Amino acid sequence: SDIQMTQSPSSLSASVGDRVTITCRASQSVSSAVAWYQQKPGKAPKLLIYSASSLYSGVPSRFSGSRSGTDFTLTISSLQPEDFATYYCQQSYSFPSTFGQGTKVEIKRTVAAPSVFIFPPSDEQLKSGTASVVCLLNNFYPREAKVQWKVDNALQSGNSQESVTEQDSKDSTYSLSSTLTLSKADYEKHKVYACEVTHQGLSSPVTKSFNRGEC
Amino acid sequence: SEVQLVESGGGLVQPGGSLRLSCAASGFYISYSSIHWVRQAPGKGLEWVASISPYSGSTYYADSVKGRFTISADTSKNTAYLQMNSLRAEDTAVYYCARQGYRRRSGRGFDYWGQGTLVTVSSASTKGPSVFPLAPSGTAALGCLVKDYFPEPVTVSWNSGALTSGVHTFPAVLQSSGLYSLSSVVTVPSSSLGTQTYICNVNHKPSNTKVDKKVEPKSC
RNA sequence: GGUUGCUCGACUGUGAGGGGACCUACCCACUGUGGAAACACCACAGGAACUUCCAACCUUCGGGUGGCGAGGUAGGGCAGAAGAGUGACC
């Protein structure tokens, strides 16, 4: 039978200088064969605590492991902003080895309103029959933001796709790119294209827009 | 230190196919260390895969691969291998290579990881991006639109990497074609518009596609 | 005929708490540390505890030293001893 590493919480928002506690609970005893790893987006994992309380070579004293029976807990005394990452427990007490589902940690800063811009589809693209309109919400926080496309004052539904940056660890902020896509024919059927942002840092939903053709 | 791990042999593979990942070691010999493969499906977690024990060659495998994968090692080549057979979709992941540390120093911790190779099990064929420019209009923003490619990954640098600051390149999202589209943007002060050349460099190795799209202002 | 010595000796026994610690060599194991070491290989240390013993060594005969893997194979040791001899005595 496999040893389960059951980590919680799935995710953690907290303030710089907070204490954050992540707990992992091994379905069987794993002695002290528990290791904690920090993984930032796109990088490899990096070792933090080996053998469940032993601070790895070169890891900052604000990290620490803690065993209590079948319960292991990684503990940051005071967040720095760089400490944005996903954290995983591992057990190597037996094979197969096993990891926690991880815990995603988020910085917390004051609010910043999004800088907003809108991009009308490039002239090469419209030749190729496609028409993509891009709207950018730049360097903002918190990430919870509503975008609404309106074409000739009609709300659009199910033809935009957005994506977000991770927290710029220096910035502790986010950037979003919402993308309305139409056929060239459907693009040539309307004049005005607009992008309506509702964000907590805005007192009023900001709209950047353009007309088809204006130079 | 010189301790380094270099995965390779990843890519796009048809389901049911095979692949042999490779992991070259630098600055240490793998003869004295336990060596593990660890994989991560996109935006999912770390999954232990296989491992081979120093001095014995004893191999251990995660149960989701047992009898389709095969960890192994050539001492002389200071290289560790992983033969994957009868692959399926859910085998898609970045496949990382890690050195289990020396016991007296780092317990059974994995102390050195590679950068991981990307394994993309799908029958859909490759297709490189069309790259369109995002024209701008005391600062405003401009970028590139990296549209309808497959598979991941693509890479954007502006001005051959000379322009690093202010840039946001967004994660590819999945077009309902199945292709990936993404866009990259940098903000600049509006003065530089006339006098500053702004090229984004797009590379999509799976397709052997390299594009450089000069981003200039509104023509009129 | 006994009785008792003395020598050789088939063969057997080394027996576990109201009771078993003999030696050696290989083999096979169990536990723990350490070897660049989760398994494997290697080196080293150890086989609960309280007892029990002295096959072993030393002894001023008071005692002392050294000593346990209940595994297997083999050779010994220590004990018995079918049996032969061979004395002494009656």
# chains A, B, ... in the order shown; residues from 1 in each chain; ligands from 1

call {"tool": "select_by_dssp", "arguments": {"residues": "region 21-176 of chain A", "states": "strand (DSSP E or B)", "output": "PyMOL selection string"}}
result
chain A and resi 21-26+30+32+34-39+45-50+54-55+67-68+71-76+86-91+98-99+103-106+112+115-119+130-141+145-151+155+160-164+174-176

call {"tool": "write_last_selection", "arguments": {"atoms": "C-alpha atoms", "output": "short mmCIF file (atom, residue, chain, number, x, y, z; two decimals), in the first residue's frame"}}
result
data_model
loop_
_atom_site.label_atom_id
_atom_site.label_comp_id
_atom_site.auth_asym_id
_atom_site.auth_seq_id
_atom_site.Cartn_x
_atom_site.Cartn_y
_atom_site.Cartn_z
CA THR A 21 2.03 27.38 8.32
CA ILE A 22 1.68 24.52 5.84
CA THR A 23 0.85 21.07 7.17
CA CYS A 24 1.27 17.64 5.59
CA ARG A 25 -0.04 14.41 7.15
CA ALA A 26 1.43 11.03 6.18
CA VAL A 30 7.36 7.96 7.62
CA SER A 32 11.37 11.80 9.86
CA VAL A 34 10.03 14.28 5.10
CA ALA A 35 11.47 16.98 2.86
CA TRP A 36 10.02 20.38 1.97
CA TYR A 37 10.49 22.07 -1.43
CA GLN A 38 9.88 25.61 -2.74
CA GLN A 39 8.95 25.76 -6.45
CA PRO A 45 11.96 22.80 -7.18
CA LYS A 46 14.55 23.82 -4.60
CA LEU A 47 15.21 21.96 -1.34
CA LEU A 48 14.17 23.63 1.94
CA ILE A 49 13.91 21.16 4.85
CA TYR A 50 15.32 17.64 4.71
CA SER A 54 16.90 20.05 9.15
CA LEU A 55 17.33 23.38 7.41
CA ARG A 67 7.52 16.68 13.00
CA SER A 68 4.74 15.70 15.36
CA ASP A 71 2.16 15.39 11.04
CA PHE A 72 4.79 17.58 9.32
CA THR A 73 4.60 21.38 9.13
CA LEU A 74 6.72 23.91 7.24
CA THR A 75 6.75 27.30 8.92
CA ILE A 76 7.69 30.77 7.67
CA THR A 86 4.15 26.57 -4.52
CA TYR A 87 5.41 24.43 -1.63
CA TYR A 88 5.45 20.62 -1.61
CA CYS A 89 6.04 18.06 1.14
CA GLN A 90 7.72 14.81 0.10
CA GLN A 91 8.18 11.53 1.93
CA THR A 98 5.21 10.56 -2.61
CA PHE A 99 4.52 14.32 -2.69
CA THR A 103 0.30 24.81 -1.45
CA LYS A 104 0.17 28.02 -3.52
CA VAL A 105 1.20 31.10 -1.56
CA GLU A 106 0.33 34.69 -2.45
CA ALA A 112 -3.28 48.93 -7.41
CA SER A 115 -3.42 50.25 -16.38
CA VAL A 116 -5.64 49.45 -19.36
CA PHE A 117 -5.02 49.44 -23.11
CA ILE A 118 -6.79 48.00 -26.16
CA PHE A 119 -5.23 46.63 -29.37
CA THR A 130 -8.72 36.38 -38.70
CA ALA A 131 -9.41 39.31 -36.36
CA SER A 132 -8.20 39.33 -32.74
CA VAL A 133 -8.78 42.28 -30.41
CA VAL A 134 -6.56 42.38 -27.33
CA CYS A 135 -7.17 44.20 -24.06
CA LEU A 136 -4.45 44.54 -21.40
CA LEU A 137 -4.89 45.11 -17.64
CA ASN A 138 -1.41 45.96 -16.47
CA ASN A 139 0.35 45.59 -13.13
CA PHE A 140 -2.62 45.42 -10.77
CA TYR A 141 -3.77 43.90 -7.49
CA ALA A 145 -11.06 41.56 -11.94
CA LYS A 146 -14.01 41.51 -14.32
CA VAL A 147 -13.60 42.22 -18.03
CA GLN A 148 -16.52 42.71 -20.39
CA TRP A 149 -16.35 43.07 -24.15
CA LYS A 150 -19.09 45.11 -25.81
CA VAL A 151 -19.34 45.35 -29.59
CA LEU A 155 -22.14 42.51 -24.32
CA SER A 160 -12.95 36.04 -25.39
CA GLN A 161 -10.18 34.20 -23.53
CA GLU A 162 -7.93 35.74 -20.93
CA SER A 163 -4.72 34.77 -19.14
CA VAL A 164 -2.81 36.24 -16.20
CA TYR A 174 -0.74 40.90 -11.73
CA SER A 175 -1.35 41.54 -15.43
CA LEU A 176 -4.24 40.24 -17.53
#

call {"tool": "interface_residues", "arguments": {"of": "chain B", "to": "chain A", "cutoff": "7 Å", "atoms": "only C-alpha atoms", "output": "PyMOL selection string"}}
result
chain B and resi 45-48+60-62+106-111+113-115+132-135+170-171+173+220

call {"tool": "interface_residues", "arguments": {"of": "chain C", "to": "chain B", "cutoff": "10 Å", "atoms": "only C-alpha atoms (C1' of nucleotides)", "output": "PDB file with N, CA and C atoms (P, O5', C5', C4', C3', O3' and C1' of nucleotides), in the first residue's frame"}}
result
ATOM      1  P     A C  36      32.284   6.621   1.300  1.00  0.00           P
ATOM      2  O5'   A C  36      30.744   6.977   1.475  1.00  0.00           O
ATOM      3  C5'   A C  36      30.318   8.278   1.880  1.00  0.00           C
ATOM      4  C4'   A C  36      29.315   8.887   0.922  1.00  0.00           C
ATOM      5  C3'   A C  36      28.344   7.920   0.252  1.00  0.00           C
ATOM      6  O3'   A C  36      27.146   8.604  -0.106  1.00  0.00           O
ATOM      7  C1'   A C  36      29.650   8.964  -1.377  1.00  0.00           C
ATOM      8  P     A C  37      25.828   8.556   0.811  1.00  0.00           P
ATOM      9  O5'   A C  37      25.308   7.059   0.652  1.00  0.00           O
ATOM     10  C5'   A C  37      24.628   6.614  -0.519  1.00  0.00           C
ATOM     11  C4'   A C  37      23.916   5.294  -0.292  1.00  0.00           C
ATOM     12  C3'   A C  37      23.322   5.092   1.085  1.00  0.00           C
ATOM     13  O3'   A C  37      22.257   4.166   0.941  1.00  0.00           O
ATOM     14  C1'   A C  37      25.091   3.540   0.769  1.00  0.00           C
ATOM     15  P     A C  38      21.019   4.490  -0.007  1.00  0.00           P
ATOM     16  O5'   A C  38      19.801   4.019   0.905  1.00  0.00           O
ATOM     17  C5'   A C  38      20.004   3.662   2.277  1.00  0.00           C
ATOM     18  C4'   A C  38      18.767   3.082   2.925  1.00  0.00           C
ATOM     19  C3'   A C  38      18.199   1.837   2.262  1.00  0.00           C
ATOM     20  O3'   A C  38      17.554   1.039   3.237  1.00  0.00           O
ATOM     21  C1'   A C  38      16.632   3.615   2.099  1.00  0.00           C
ATOM     22  P     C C  39      18.204  -0.333   3.762  1.00  0.00           P
ATOM     23  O5'   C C  39      17.991  -1.389   2.580  1.00  0.00           O
ATOM     24  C5'   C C  39      16.696  -1.810   2.182  1.00  0.00           C
ATOM     25  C4'   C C  39      16.731  -2.587   0.886  1.00  0.00           C
ATOM     26  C3'   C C  39      17.914  -3.510   0.713  1.00  0.00           C
ATOM     27  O3'   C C  39      17.748  -4.744   1.361  1.00  0.00           O
ATOM     28  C1'   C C  39      17.661  -2.253  -1.237  1.00  0.00           C
ATOM     29  P     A C  40      19.040  -5.493   1.946  1.00  0.00           P
ATOM     30  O5'   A C  40      20.006  -5.682   0.677  1.00  0.00           O
ATOM     31  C5'   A C  40      19.684  -6.561  -0.394  1.00  0.00           C
ATOM     32  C4'   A C  40      20.744  -6.540  -1.473  1.00  0.00           C
ATOM     33  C3'   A C  40      22.184  -6.785  -1.023  1.00  0.00           C
ATOM     34  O3'   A C  40      22.490  -8.162  -0.853  1.00  0.00           O
ATOM     35  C1'   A C  40      22.124  -4.904  -2.444  1.00  0.00           C
ATOM     36  P     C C  41      23.464  -8.641   0.334  1.00  0.00           P
ATOM     37  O5'   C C  41      24.902  -8.032  -0.041  1.00  0.00           O
ATOM     38  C5'   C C  41      25.691  -8.577  -1.105  1.00  0.00           C
ATOM     39  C4'   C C  41      26.961  -7.787  -1.340  1.00  0.00           C
ATOM     40  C3'   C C  41      27.872  -7.620  -0.128  1.00  0.00           C
ATOM     41  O3'   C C  41      28.747  -8.703   0.111  1.00  0.00           O
ATOM     42  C1'   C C  41      27.527  -5.518  -1.143  1.00  0.00           C
TER      43        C C  41
END

call {"tool": "residues_around", "arguments": {"residues": "region 6-11 of chain B", "least_positions_apart": "4", "cutoff": "10 Å", "atoms": "only C-alpha atoms (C1' of nucleotides)", "output": "number ranges by chain"}}
result
B: 19-26, 37, 79-82, 92-98, 113-121, 151-153, 205-206

call {"tool": "residues_around", "arguments": {"residues": "residue 79 (chain C)", "least_positions_apart": "6", "cutoff": "12 Å", "atoms": "only C-alpha atoms (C1' of nucleotides)", "output": "PyMOL selection string"}}
result
chain C and resi 12-14+22+55

call {"tool": "residues_around", "arguments": {"residues": "residue 216 (chain B)", "least_positions_apart": "3", "cutoff": "10 Å", "atoms": "only C-alpha atoms (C1' of nucleotides)", "output": "ChimeraX atom specification"}}
result
/B:133-136,142-143,193-194,196-199,213,219

call {"tool": "write_last_selection", "arguments": {"atoms": "N, CA, C and O atoms", "output": "compact mmCIF listing (two decimals), in the first residue's frame"}}
result
# COMPACT_ATOMS: atom_id res chain seq x y z
N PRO B 133 1.76 41.85 -34.88
CA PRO B 133 2.21 42.95 -34.02
C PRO B 133 1.03 43.67 -33.39
O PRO B 133 -0.02 43.84 -34.01
N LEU B 134 1.24 44.09 -32.14
CA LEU B 134 0.27 44.86 -31.37
C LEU B 134 0.70 46.33 -31.32
O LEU B 134 1.53 46.72 -30.50
N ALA B 135 0.12 47.13 -32.21
CA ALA B 135 0.56 48.50 -32.38
C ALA B 135 0.11 49.36 -31.20
O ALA B 135 -1.02 49.21 -30.72
N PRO B 136 0.96 50.26 -30.70
CA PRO B 136 0.55 51.14 -29.60
C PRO B 136 -0.40 52.26 -30.02
O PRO B 136 -0.94 52.25 -31.13
N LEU B 142 2.85 48.20 -26.20
CA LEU B 142 2.92 47.54 -27.49
C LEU B 142 3.45 46.12 -27.28
O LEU B 142 4.13 45.84 -26.29
N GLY B 143 3.15 45.25 -28.22
CA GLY B 143 3.55 43.87 -28.07
C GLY B 143 3.38 43.05 -29.33
O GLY B 143 3.18 43.58 -30.42
N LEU B 193 8.85 56.06 -29.16
CA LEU B 193 8.10 55.53 -30.30
C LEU B 193 8.75 55.81 -31.65
O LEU B 193 9.08 54.88 -32.40
N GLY B 194 8.98 57.09 -31.97
CA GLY B 194 9.52 57.43 -33.27
C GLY B 194 10.94 56.93 -33.48
O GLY B 194 11.27 56.39 -34.55
N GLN B 196 12.84 54.62 -31.59
CA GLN B 196 13.26 53.35 -31.03
C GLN B 196 12.65 52.17 -31.79
O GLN B 196 11.43 52.00 -31.80
N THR B 197 13.53 51.36 -32.38
CA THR B 197 13.12 50.13 -33.04
C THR B 197 12.77 49.08 -31.98
O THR B 197 13.49 48.92 -30.99
N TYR B 198 11.64 48.39 -32.17
CA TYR B 198 11.06 47.46 -31.19
C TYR B 198 10.70 46.15 -31.89
O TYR B 198 9.61 46.02 -32.46
N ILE B 199 11.59 45.17 -31.80
CA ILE B 199 11.38 43.88 -32.45
C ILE B 199 11.18 42.83 -31.36
O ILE B 199 11.92 42.80 -30.37
N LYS B 213 9.41 39.98 -35.47
CA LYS B 213 8.38 40.90 -35.95
C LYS B 213 8.66 42.28 -35.37
O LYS B 213 8.53 42.48 -34.16
N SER B 219 0.49 53.19 -38.59
CA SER B 219 1.13 53.67 -39.82
C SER B 219 0.64 55.07 -40.19
O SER B 219 1.43 55.90 -40.65

call {"tool": "atom_distance", "arguments": {"atom1": "CA of residue 17 (chain B)", "atom2": "CA of residue 87 (chain B)"}}
result
5.6 Å

call {"tool": "atom_distance", "arguments": {"atom1": "CA of residue 81 (chain A)", "atom2": "CA of residue 164 (chain B)"}}
result
20.8 Å

call {"tool": "select_by_dssp", "arguments": {"residues": "region 58-136 of chain A", "states": "helix (DSSP H, G or I)", "output": "PyMOL selection string"}}
result
chain A and resi 81-83+123-127

call {"tool": "closest_residue", "arguments": {"among": "A:11, A:173, A:181, A:78", "to": "residue 126 (chain A)", "atoms": "only C-alpha atoms"}}
result
A:181

call {"tool": "residues_around", "arguments": {"residues": "region 62-76 of chain C", "least_positions_apart": "6", "cutoff": "8 Å", "atoms": "only C-alpha atoms (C1' of nucleotides)", "output": "list in words"}}
result
residues 21, 23, 24, 27, 28, 29, 30 and 47 of chain C
